[PDB]
Amino acid sequence: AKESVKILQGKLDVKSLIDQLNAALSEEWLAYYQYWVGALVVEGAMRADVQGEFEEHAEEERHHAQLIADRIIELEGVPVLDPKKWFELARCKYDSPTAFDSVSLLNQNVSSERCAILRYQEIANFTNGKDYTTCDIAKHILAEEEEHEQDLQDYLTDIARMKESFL
Amino acid sequence: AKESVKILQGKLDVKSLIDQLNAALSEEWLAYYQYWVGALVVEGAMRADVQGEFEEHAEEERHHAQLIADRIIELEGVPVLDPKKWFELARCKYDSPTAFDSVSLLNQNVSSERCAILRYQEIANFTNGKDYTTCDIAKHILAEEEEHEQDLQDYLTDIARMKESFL
Amino acid sequence: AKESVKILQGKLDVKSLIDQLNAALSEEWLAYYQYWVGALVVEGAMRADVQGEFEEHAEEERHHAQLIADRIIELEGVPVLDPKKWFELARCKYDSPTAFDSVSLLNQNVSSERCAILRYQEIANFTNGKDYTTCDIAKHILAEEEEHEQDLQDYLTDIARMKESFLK
Amino acid sequence: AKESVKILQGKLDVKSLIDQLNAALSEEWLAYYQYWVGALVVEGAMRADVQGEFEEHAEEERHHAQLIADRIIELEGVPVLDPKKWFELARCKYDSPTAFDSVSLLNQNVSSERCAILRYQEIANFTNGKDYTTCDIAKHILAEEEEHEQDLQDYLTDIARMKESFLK
Amino acid sequence: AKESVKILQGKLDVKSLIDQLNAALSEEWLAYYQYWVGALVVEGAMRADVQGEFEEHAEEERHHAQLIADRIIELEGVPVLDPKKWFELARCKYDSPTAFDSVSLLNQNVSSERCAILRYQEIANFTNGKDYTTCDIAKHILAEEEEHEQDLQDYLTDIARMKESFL
Amino acid sequence: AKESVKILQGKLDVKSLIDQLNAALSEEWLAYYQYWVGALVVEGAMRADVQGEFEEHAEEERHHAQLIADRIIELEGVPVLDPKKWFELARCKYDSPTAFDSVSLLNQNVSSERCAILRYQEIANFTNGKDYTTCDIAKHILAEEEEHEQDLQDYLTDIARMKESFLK
Amino acid sequence: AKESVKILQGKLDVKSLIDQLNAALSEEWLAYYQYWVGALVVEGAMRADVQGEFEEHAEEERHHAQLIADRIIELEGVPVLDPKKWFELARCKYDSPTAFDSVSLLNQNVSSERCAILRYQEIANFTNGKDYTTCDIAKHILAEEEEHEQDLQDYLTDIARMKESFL
Amino acid sequence: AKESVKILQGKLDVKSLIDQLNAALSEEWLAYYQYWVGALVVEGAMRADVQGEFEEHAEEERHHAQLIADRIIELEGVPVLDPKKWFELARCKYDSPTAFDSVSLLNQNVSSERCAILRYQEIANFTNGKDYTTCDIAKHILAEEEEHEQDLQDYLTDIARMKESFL
Amino acid sequence: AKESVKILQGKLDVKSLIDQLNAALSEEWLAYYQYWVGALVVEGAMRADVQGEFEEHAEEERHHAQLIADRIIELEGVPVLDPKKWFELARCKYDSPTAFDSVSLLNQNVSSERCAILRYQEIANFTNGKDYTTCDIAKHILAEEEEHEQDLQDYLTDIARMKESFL
Amino acid sequence: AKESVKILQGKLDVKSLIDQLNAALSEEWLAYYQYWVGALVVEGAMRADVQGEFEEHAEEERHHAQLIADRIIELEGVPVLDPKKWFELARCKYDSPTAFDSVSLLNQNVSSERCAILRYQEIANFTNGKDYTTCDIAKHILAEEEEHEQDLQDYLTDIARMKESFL
Amino acid sequence: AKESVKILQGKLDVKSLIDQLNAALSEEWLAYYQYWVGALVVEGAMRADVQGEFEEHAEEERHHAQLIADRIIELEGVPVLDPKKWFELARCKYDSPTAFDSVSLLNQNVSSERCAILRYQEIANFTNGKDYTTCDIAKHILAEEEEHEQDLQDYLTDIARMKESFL
Amino acid sequence: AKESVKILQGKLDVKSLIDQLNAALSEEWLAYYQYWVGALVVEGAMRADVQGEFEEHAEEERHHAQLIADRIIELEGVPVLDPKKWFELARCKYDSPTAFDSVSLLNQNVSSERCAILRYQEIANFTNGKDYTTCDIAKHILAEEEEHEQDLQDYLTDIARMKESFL
Ligand SMILES: [Fe+3]
Ligand SMILES: [Fe+3]
Ligand SMILES: [Fe+3]
Ligand SMILES: [Fe+3]
Ligand SMILES: [Fe+3]
Ligand SMILES: [Fe+3]
Ligand SMILES: [Fe+3]
Ligand SMILES: [Fe+3]
Ligand SMILES: [Fe+3]
Ligand SMILES: [Fe+3]
Ligand SMILES: [Fe+3]
Ligand SMILES: [Fe+3]
Ligand SMILES: [Fe+3]
Ligand SMILES: [Fe+3]
Ligand SMILES: [Fe+3]
Ligand SMILES: [Fe+3]
Ligand SMILES: [Fe+3]
Ligand SMILES: [Fe+3]
Ligand SMILES: [Fe+3]
Ligand SMILES: [Fe+3]
Ligand SMILES: [Fe+3]
Ligand SMILES: [Fe+3]
Ligand SMILES: [Fe+3]
Ligand SMILES: [Fe+3]
Ligand SMILES: [Mg+2]
Ligand SMILES: [Mg+2]
Ligand SMILES: [Mg+2]
Ligand SMILES: [Mg+2]
Ligand SMILES: [Mg+2]
Ligand SMILES: [Mg+2]
Ligand SMILES: [Mg+2]
Ligand SMILES: [Mg+2]
Ligand SMILES: [Mg+2]
Ligand SMILES: [Mg+2]
Ligand SMILES: [Mg+2]
Ligand SMILES: [Mg+2]
C-alpha cells in the first residue's frame with residue numbers, strides 16, 4: 001500500500017520493520033514445522049493431550065505466518081521467497097526432535113515460544129504509536145505466544161507433579 | 001404465578017419449599033465457583049481431563065441455579081439477593097482450594113456433589129405428587145449431580161489404579 | 001507463563017498487577033451476580049428490555065471474569081479462591097437490590113459500571129506499553145463497560161422522557 | 001398401541017382418560033386461537049412484548065395439542081374430529097377479545113392459563129404411577145402453563161407499576 | 001396502514017375485500033384442522049405418504065391464515081375474533097372425517113382444495129391491478145392450493161391404478 | 001440487457017421508467033439514512049422497539065435501493081452517480097430529525113413511507129403488463145413499504161393508547 | 001457413584017435393580033439387532049416405510065442400551081460383558097427372521113415391543129419415588145417403546161385395510 | 001389438478017398453453033446443455049469468470065425446466081418424454097460450440113437468452129390475468145433470463161473495452 | 001493435463017478411452033433425463049417411493065456426467081458438444097416412457113442400469129493398473145449403478161410380493 | 001442386484017464371497033460390542049483418552065457392519081439373521097473383559113484389530129480386479145482397522161514409556 | 001455515556017473528538033456510496049474482480065460508519081443528521097464516476113483510501129493513551145483502509161503489467 | 001502399526017516405501033510453500049484467479065503432507081524431522097519465484113505438478129495389489145495433482161489465447 005507506506009516512512013524505519021517481519025516469518029514457518037512433526041512423533045506421559053496441543057499450535061503459527069506475510073506486502077516488502085533462507089534469517093533456531101518423549105518435546109517448544117515472545121515484544125515496541133496496524137498484529141501474535149508458553153508449561157508442571165505423587 | 005401458587009398452597013408448604021430452593025440456589029453458586037476456580041488451579045495427574053470436567057460442571061451448576069431461581073419467582077418467592085447470604089443459607093459449605101493437585105480437588109468436589117444429591121432428593125421427596133413442576137426440576141438436577149459424582153469418582157479410581165500399576 | 005513473566009518483571013510491577021486483577025476479578029463476580037439477580041426481580045417501565053439487558057450484561061461480566069482469571073494464571077498468580085474474599089478485595093461494593101423498579105436497578109448498575117470503567121482505565125494505564133497483552137484485555141473489557149453504561153443510561157433517559165411526555 | 005392399552009386398562013380407566021384428553025385437546029385449540037388473534041389485535045402498554053408472548057404462547061399451545069392428540073391415538077382413542085365440538089367438550093370457555101388493550105387481553109389469557117393448569121394437574125393426578133407416559137405429558141404441558149401464567153402476570157405487574165410510578 | 005388504505009379506497013371496495021379475506025381466513029382454519037385431524041386418523045393404502053401430506057398441508061394452510069390475517073390488519077380490518085364465527089363466514093364447509101380410509105379422506109380434502117382455489121381466484125380477480133399487495137398474496141396462496149389439489153389427486157390416481165393392476 | 005430493452009421499448013417508455021427508478025433510488029437512500037440516524041437518536045416511549053424497527057427498516061430500504069439500481073443497469077440506464085443529486089431527483093423530501101422523541105420520529109417516517117407507497121404504485125401502474133420484471137420489483141418494494149407504514153402506525157397507536165390509559 | 005448408591009441402598013434393593021437393568025440391557029441389544037437385520041431383509045407391502053421404521057427403531061434401541069448401561073455403572077454395577085450371556089439374561093427372546101414379508105416381521109417386532117413395554121413398567125414401578133433418576137430413564141424408554149408399538153401396529157392396520165379394500 | 005384445470009379452461013386455451021410450455025421445456029434442456037458443455041470448453045479472456053457464469057446458468061435453466069414440467073403436470077399435460085423431440089418442439093435452436101473462445105460462446109448464449117426472453121414474455125402475455133399461477137412462473141423465469149442476458153453482455157462489454165484499452 | 005496424458009499414452013490407448021468416456025457421457029445424459037421424466041409421470045404401486053428414487057437417481061446420473069466430462073477434459077479430449085450426437089454414441093438406448101405404471105418404469109430403468117454397469121466394468125477393466133484416476137472414477141460410478149439396480153429391483157420384488165399376498 | 005451378480009459370477013466365486021462377508025459381519029458386531037463394553041469398564045492410565053477411542057472405534061465397527069451387510073444384500077446373499085450364529089461364523093473370537101485396566105483392554109482390542117486386518121486383506125485379495133465394488137469396501141474397512149491398530153498401539157507405547165520415565 | 005465522558009474530558013478535548021468523528025462519519029457515507037455506485041458502473045479489465053471488491057468495500061465502509069456513529073453517541077455527541085451536511089464536514093471530497101473503466105474507478109477510490117488513512121491516523125494520534133476505546137476503533141478502521149488501498153493498488157499493478165506483457 | 005507392517009513386509013519392501021514417502025513428504029512441503037509465497041507475489045493477467053488457485057493448491061498440498069506423514073507413522077517409519085533435509089530428499093527441486101508475472105509462476109508450478117505426478121504414479125505402482133492402503137493414498141493424491149496440472153494449464157491457455165485475440 002504505497003500511500004500508507006509513504007505516511008509510515010515519516011514515523012519509523014519501514015525497511016528495518018520489513019527485515020524484522022521476514023525474520024519473524026522465517027521463525028513462524030520453523031515453529032510451525034517443529035510443532036507439526038513433534039505432533040507426529042511425541043510419546044509418553046499425557047501424549048494425546050500434548051500431541052493435540054502441538055497440532056493446534058502448528059495451525060496457530062501457520063496463521064501467524066499469514067498475518068505477517070500479508071503485512072509485509074502492505075508495507076511494499078517481499079516475503080522470504082525460499083525456505084533455504086529461513087535458517088539465515090531466523091534468530092530462533094530450529095530445534096529438531098531427537099528424544100520423542102513428551103517432556104523433551106515440551107521443553108524444546110517452550111524455548112521457541114520464549115524466543116517468539118521476545119520477537120513480537122520487539123516489533124510491538126518498534127511500532128508502538130507509529131505503525132498502529134503492524135503493532136496490533138505483533139500484539140495479537142504475542143498474546144497467542146504467551147498462551148502457547150502457558151499451555152506447554154502446564155503439561156511440564158503436571159508431569160513433574162505426577163512423578164512426585166507416584167513416589 | 002399467583003393462581004398456580006394458590007393451587008399449590010393447598011397441597012404443600014410453599015413457604016418452606018422456597019426456603020429450601022434458596023438454600024439450594026446458594027449452594028449452586030458456591031459449587032459453581034468452586035468448580036470454576038478449581039479448574040483454574042488444578043495440577044497433576046490427568047489434569048487436562050479433570051480441568052475440562054470442572055469447567056463443564058461449573059457450567060452445569062450455573063444452569064441449575066437458573067432453573068431454581070426461575071422456579072422461586074414462579075412460586076412468588078424472592079431469590080437470595082446478596083452473595084454474602086449464600087454462606088448462611090447453604091448447608092453444603094464452600095470447600096476452598098488449598099492443595100492444587102487433582103486428587104485433592106476431586107475429593108473436595110465429590111463431597112459437594114454428595115451434599116447436592118442430598119438436597120435434591122429432599123426437594124424431590126418434599127414435592128413428589130404435590131408440586132409436579134418443582135419435583136421434575138429437582139429430579140433433573142439430581143440426575144446431573146449423580147453423573148457429576150460418577151465423573152469425579154472415575155478420575156479418583158483411575159489415578160489410584162495408575163499408582164498401583166506403576167509399582 | 002514463567003518466561004513471559006520474567007520478561008514482564010523487567011518492565012512493570014507484576015505483583016501489583018496481579019493484585020489489581022484479583023480486585024477486578026472479585027468485582028466482575030459481584031457485578032455478574034448483581035445483574036443476574038436484578039434480571040430476576042426487575043419490574044415496571046420497559047421491564048422486558050431492561051431485564052434482557054441485565055441478562056446480557058450478566059453474561060458479559062461473566063466472560064470478563066474468565067479473561068481476567070486466565071491472565072492472572074499466565075502472570076503466575078493465583079485467582080481469588082474463595083467468594084468470601086470478593087468483598088474485601090473489591091473496590092466496587094456490591095449494590096444489593098432493595099427497590100425492584102427498573103429506575104432503581106438501572107441506577108445501581110450504572111454506578112457499578114462507572115466503577116468498572118475506572119478499574120480498567122487504571123489497569124490499561126498501568127500496563128500501557130509494558131504488558132501489551134494485559135493492556136489489550138483491560139481495553140477490551142473497558143470498551144464493553146462503557147457500552148454497558150450507555151445501554152443503561154438510555155433506559156433512564158427514555159423513562160424520564162416518557163414521564164414528562166405523559167403530563168400534558 | 002393395543003398391547004400398551006391392554007396393560008394400562010388394568011391400572012386405570014383409559015376410557016375416562018381419553019375423554020379428559022379430548023377436553024384438553026379442545027381447550028388447547030381454543031387457547032391457541034385466542035392467543036393467535038389476541039396477538040393480531042393487542043394495543044397499548046408494552047404491546048410489542050405482549051404481542052410477542054401471545055405469538056410464542058400460541059405456538060406452544062399448538063404443540064400441546066399435538067402431544068395430546070398423538071397420545072389419544074396411542075390410547076386407541078379418536079381425537080375430536082370437528083371444531084364445532086370443541087365448545088361442548090371444553091371446560092375452559094373461549095374468551096373472545098372485546099377490549100384490545102393489553103391489560104384486558106392479558107387478564108383474559110391469565111384465566112385461560114389458570115384453567116389449563118387445573119386440567120393438567122387433574123390428568124397428572126389421574127395418571128400418576130399408573131400411566132407413566134401420559135402423566136409425563138401432562139406434567140410437561142403443566143410446567144409450560146405455569147410459565148405462561150407467570151409471563152402474563154409479569155406484564156400486568158409491570159404496567160400497574162408503571163401507572164403508579166407516573167403519578168408523582 | 002391508514003395512508004395505504006386511503007389510497008386503495010380510491011381503486012376498490014376495501015370493506016368488501018376485508019369480508020372476503022375474513023371468509024378466506026375462516027376457511028383456512030377449517031382446512032387446517034381438517035388436514036390436521038385427518039392426518040391423525042388416516043388408514044390404509046399409502047397411509048404414511050398420505051398422512052405426511054396432510055401434515056404438510058395442515059402447516060401450509062396455517063401459514064395462509066397468517067398471510068391473510070396480517071393483510072386484514074393492514075387494510076384496517078379486524079380478523080374473525082371467535083372460532084364459532086368460522087362456520088357462518090366460510091363458504092367451504094368443514095368436511096368432518098367419518099370414514100378413515102385414505103381414499104375417503106383424500107376426496108374430502110380435494111373438495112376443500114377446489115373450494116380454496118375458487119376463493120383465491122375471486123380475490124385475485126377482485127384485486128388485480130388495484131390492490132397489488134393483496135393480489136400477490138391471493139396468487140401466492142392460489143399456487144399452493146393448486147399444488148395441494150395435484151398432490152391429493154396423485155394419490156387417488158395411484159391407489160385406483162394399484163387396484164386395477166392387482167386384478 | 002440490450003435485447004431485453006429492445007423488446008421493452010416496443011411496449012413502454014423505458015427512458016421515462018429509468019427516470020422514475022432514479023427518483024425512487026434517490027428516495028431509498030434518503031429513507032435509508034433517515035431511519036439509520038433516527039435509530040441512533042430516538043428516545044422515549046417504546047424506544048428499544050422503535051429503535052429496532054428503524055434499524056430493520058434502514059436495512060430493508062438499503063435492499064430496495066439495490067433492487068432498483070440493478071434493474072436500472074438492466075434497462076441500459078445509469079443510476080444516480082452523486083449523492084448531491086438525490087435531493088434534486090427525490091420527490092419525497094429528506095425529513096431531518098429535530099425532535100428526538102419517538103412520536104416525532106415515527107410521524108416523520110410514516111410520511112416518508114406514504115410517499116414511498118405512492119412511488120411504487122406509480123411504477124407498478126406504469127409497468128403493469130408491459131415490463132413484467134420491473135413491475136414485480138415495484139410490487140415487492142410496495143408490499144414492504146405498506147408493512148413499514150403499518151409497523152410505525154402501530155407504535156403511534158400504542159403510545160396514544162398508553163397515554164389515555166394512564167389518565168384515570 | 002458410591003455416595004449416591006449409599007443413599008439409594010436405604011430406599012430400595014439396588015442389587016436387584018442392577019440385575020433388572022442387565023436383563024433390560026441384554027434385551028435392548030437383541031431388539032436392536034432384530035430391527036437392524038429385519039431392515040436388511042424386509043420385503044413386500046409398504047416395504048420402504050417399514051424398512052425405514054426398522055432402521056429408526058434399531059437406532060432408538062441402541063440409545064436405550066446406552067442409557068441403561070451408563071446407569072448400571074452409576075449404580076456401581078457391571079454391564080453384561082459378553083453377548084453370549086444376553087440370551088440367558090433376556091426375558092424377551094430373540095425372534096429371528098424366517099419369513100421376510102413385512103407383516104411377518106412387523107408381528108415379530110410388535111411382540112418384542114410388548115415385552116419391552118412390560119420390562120420398563122416393572123422398572124418404573126420398582127424405582128418410583130425411590131430412585132428418581134433410574135425411574136425417569138425407565139419412563140423415557142417406556143414412552144419410546146409404546147410409540148414403537150403404535151408405529152408398527154399402524155402398518156399392520158394399513159396393510160390389512162388395503163387387502164380388504166382391494167377385494 | 002383436474003378441478004383447477006376445469007376452472008382455467010373457462011379463461012384460456014389450456015391445450016395451447018401446454019404446447020407452449022413443452023416448447024419452453026425443450027428449450028430449457030437445450031439451453032441447460034449448451035451452457036454446461038460451454039463451461040467445459042470455454043477458453044481465453046476472463047475464462048474463469050465466464051466458465052463460472054455458464055456453470056451457474058446451466059443450473060438455473062435446469063431449475064426452470066422443473067418449474068415448467070411440474071406446471072405441465074398440474075395442467076393435466078404430459079411433458080416431452082423423449083429428448084429426440086426437443087429439437088422439433090424448440091423454437092430456440094441448439095447452438096453448438098464450434099469456436100471455444102469466450103466471445104464466441106458468450107455471443108451464442110446471448111442469442112439463446114434473447115429467444116428465452118421472447119418465450120416467457122409470450123407465455124406471460126398469454127396467461128396474464130387468466131392463469132395467475134402459470135403467469136407468475138413465466139415472469140419468474142423471465143426475470144432470470146433478463147439477468148442472464150445482462151451477465152453475458154457485461155463480459156462482452158468488458159472484453160471489447162480491454163481490447164481497445166490495450167492499444 | 002498435457003504432461004499427465006503424455007505419461008498415460010505410454011500405458012494405454014487414451015484416444016480409445018476418450019471415446020468410451022464420451023459414449024458413457026452420452027449414456028449418463030440419457031439415463032438422467034429418463035429418470036427425470038419418469039419421476040414426472042410415474043403412477044401406481046409405491047409411487048411416492050419410486051418417484052423419489054427416480055428423482056434421486058436423476059441427480060446421481062447428472063453427477064456421473066460431470067465426473068466423466070471433467071476427466072475427458074483432463075485427458076485432452078472434448079466432450080460431446082451436441083445432444084443430437086448422444087443417440088449415435090450411446091450403446092444404452094434411450095427407453096422412452098410409454099406405460100406410466102411403476103412396474104413398467106422400474107423395468108425400463110433396471111435395463112439401463114445393467115447397461116451402465118457394463119460400461120463402467122469395461123472402463124474399469126480398460127484402465128485398471130494403467131490410468132489409476134480414470135479407473136477410480138469408473139469404479140465409483142459402477143458402485144452407484146449397482147446400488148441403483150438394487151434399489152429398483154427391491155421395488156419390483158415388493159410389488160410382486162404384495163400382489164401374491166393380496167390373493 | 002441380480003444382473004450385477006450374474007456378471008460377477010463369471011469372474012469369481014460369489015457364494016464363497018458372501019460366506020466371507022458374513023464371517024466379517026459377525027466379527028464386526030463382536031468387535032463393536034467389545035469396544036462398547038470396554039469403554040464402559042476401562043480404568044487407569046490415560047483412561048479418558050482410551051475410553052474415548054473405544055467409543056469412537058465402536059461406532060466405526062458398527063458402520064463397517066452396515067457397509068458389509070448392504071453389500072451382502074447386493075450380492076443376493078442373506079446377512080446372518082441371529083446373533084447366536086456370530087460366534088460360529090467369526091474367526092476372530094470375542095475377547096471378553098476380565099481385567100478392566102487400560103493395558104489389558106488395549107491388548108485385547110489390538111489382537112481383534114489384527115484379526116480384522118487379516119480378514120479384509122483376504123477379501124481385498126479375493127476380489128481384487130474382479131469385484132471392484134466389494135474390493136473397495138474391503139480396502140476402505142482395512143485402512144480403518146490399520147488406523148485402529150495404530151491408535152491402540154500408541155497408548156500401549158505411551159503407558160510403557162511413562163512407566164519407565166517414572167523410575 | 002455520561003460518567004465515561006466525564007472521566008475522558010479530563011484527558012482530552014472530547015468536543016473536538018466528536019467533530020473529527022462526524023467528519024469521519026460523513027466521509028464513510030460518501031466512500032460507501034462511491035464504492036456502491038462504482039460497482040454498479042465499472043467496466044473493462046478485471047471487471048468482475050474489481051466490481052466484487054467495490055461491493056465488499058462498500059459494505060466495509062458502511063460498517064465503519066456504524067462503529068463511528070455508535071461511539072459519537074457514547075461520547076454524548078450527535079451524529080450528522082442530514083446528508084446535505086456530509087459535503088461540508090468531509091475533508092475527503094466525493095469523487096464522482098465520470099469514466100467507467102476500471103483503472104479510472106480504481107484510481108479515484110485509491111485517493112479516497114489515502115484520505116481515509118489520514119483521518120484515522122489523526123484520530124488514533126489524538127486519542128492514543130487517552131481515549132483507549134475510540135483509539136482502538138480508529139486503529140481497527142485504519143487497518144481496513146490500508147487493506148483497501150492494497151487491494152486496489154494490486155489491480156492497478158496487474159492491469160499495468162498485463163498491458164506491458166501484451167506488447 | 002506393528003502387526004500391519006509385519007503382514008506388509010511379506011508383500012513388499014516397506015523400508016524402501018518409507019524412503020519414497022519421506023521424499024514425497026519433503027516435496028509436498030516445498031510445493032506447499034512454493035504455492036503459498038507465489039500467491040503472495042503473483043501479478044498480471046488473471047491475477048485474482050491465479051492467486052486464488054495458488055492459495056487453494058497450497059492448502060491441498062499441505063493436506064497431502066498430512067496423509068503421507070500419518071501413513072509413514074503407520075508403517076513404523078519416522079517422517080523427516082528437519083526442514084533442512086527436505087532439499088536433500090526431494091527429487092522435485094524447489095522452484096523459487098524470480099519473475100512475479102502469472103505466466104512465469106504458472107510455468108514453475110506446472111513443472112512441480114508433473115514431478116508430483118511422477119512421484120505418486122511410482123508409489124501407486126510400487127504398492128499396487130500389495131499395500132492397498134498406501135496405494136489408495138497415492139492414487140488419491142495423484143488424482144489431485146492431475147487436477148492441479150489441468151487448473152494451471154487452463155490459465156496458460158487462456159492468457160496465450162487472450163494475447164492472440166488482442167492482436
Ligand atoms: Fe508464532
Ligand atoms: Fe507459539
Ligand atoms: Fe448443582
Ligand atoms: Fe454438581
Ligand atoms: Fe465487567
Ligand atoms: Fe459492565
Ligand atoms: Fe396448553
Ligand atoms: Fe398456556
Ligand atoms: Fe389454504
Ligand atoms: Fe389447500
Ligand atoms: Fe424503500
Ligand atoms: Fe419504507
Ligand atoms: Fe428399547
Ligand atoms: Fe422398541
Ligand atoms: Fe431458462
Ligand atoms: Fe437463460
Ligand atoms: Fe450413471
Ligand atoms: Fe444408474
Ligand atoms: Fe471393523
Ligand atoms: Fe477395528
Ligand atoms: Fe472507511
Ligand atoms: Fe476504505
Ligand atoms: Fe501434493
Ligand atoms: Fe500439486
Ligand atoms: Mg494451546
Ligand atoms: Mg461431567
Ligand atoms: Mg447491552
Ligand atoms: Mg412466554
Ligand atoms: Mg404437498
Ligand atoms: Mg418492520
Ligand atoms: Mg418410529
Ligand atoms: Mg449469472
Ligand atoms: Mg437409490
Ligand atoms: Mg481412533
Ligand atoms: Mg478487499
Ligand atoms: Mg485447483
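All values below come from the heavy atoms of this structure, side chains included, with hydrogens, waters and symmetry mates left out. As the structure lists them, so they are numbered: ligands from 1, and atoms in each ligand from 1. Letters A, B, ... mirror the listed sequences (proteins, then strands); counts begin at 1.
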Check your understanding: Taking the six-membered ring for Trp, is the centroid-to-centroid distance between F/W36 and F/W29 below 6.0 Å?
Key -> no
Review point. Below 6.0 angstrom between ring centroids: does that apply to C/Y33 and B/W86?
Key: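 When the ring centroids of C/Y33 and B/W86 are compared, they turn out to be within the sub-6.0 Å range.
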Review point. What protein N, O or S atoms come within a distance below 2.8 Å of the Fe ion (ligand 7), ordered by chain and number?
Key: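 The answer is D/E28 OE1, D/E28 OE2, D/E61 OE1, D/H64 ND1, D/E145 OE2.
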Check your understanding: Is there side-chain contact between K/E122 and K/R91, with heavy atoms separated by less than 4.5 Å?
Key -> yes
Point to revise | Student check: side-chain heavy atoms of C/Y32 and C/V37 closer than 4.5 Å | key: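 No, too far: nothing below the 4.5 Å cut-off.
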Check your understanding: Considering residues at least two apart in sequence or located in another chain, which fulfil the side-chain contact (heavy atoms from CB on, under 4.5 Å) criterion with D/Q20?
Key -> D/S16, D/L17, D/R119, D/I123, D/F126
Review point. Between K/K139 and K/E144, does at least one N-O distance fall below 4.0 Å, as a salt bridge requires?
Key: no
